[PDB]
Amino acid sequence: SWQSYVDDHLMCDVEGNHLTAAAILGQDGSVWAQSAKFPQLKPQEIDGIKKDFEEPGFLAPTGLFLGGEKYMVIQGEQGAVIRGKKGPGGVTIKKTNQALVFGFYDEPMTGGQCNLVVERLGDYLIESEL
């Protein structure tokens, strides 16, 4: 289900650590599944994300805001992945055909481990035509 993807794919422990929160939202902004601590995102934030996927670099000067919190944009994949850092944590956002997979991490988990779980699920949904 969309909820087993969140709980079993995204929240699966990678080297003992797991995401602080995860979710799959439809690109219209609606939540299909989310973990318990996932943030309430604003409309304008979901819009900035979609705009950065069309015009990469759109978010860098201003920051990646999620839940009213600022993230500093870090290197991603054009039109495919947006990554950010906020102190010892960060977030990875993977764009699929119909969705947006989000992954929030906090130390001791690393960015590489968050990228791994988030992007692999994203490539799996993309394969299933989602």
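Sequential numbering from 1, following the sequence displayed.
Stretches 103-111 and 12-20 differ in mean C-alpha B factor, with the higher average recorded for 12-20. Annotation for 77-85 versus 23-31: the higher mean temperature factor (C-alpha) is found in 23-31. Of the candidates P43, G63, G68, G90, it is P43 whose Cα B-factor is highest according to the PDB record. Residue-level temperature factors show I126 in the middle third of its chain, judged at the C-alpha atom.
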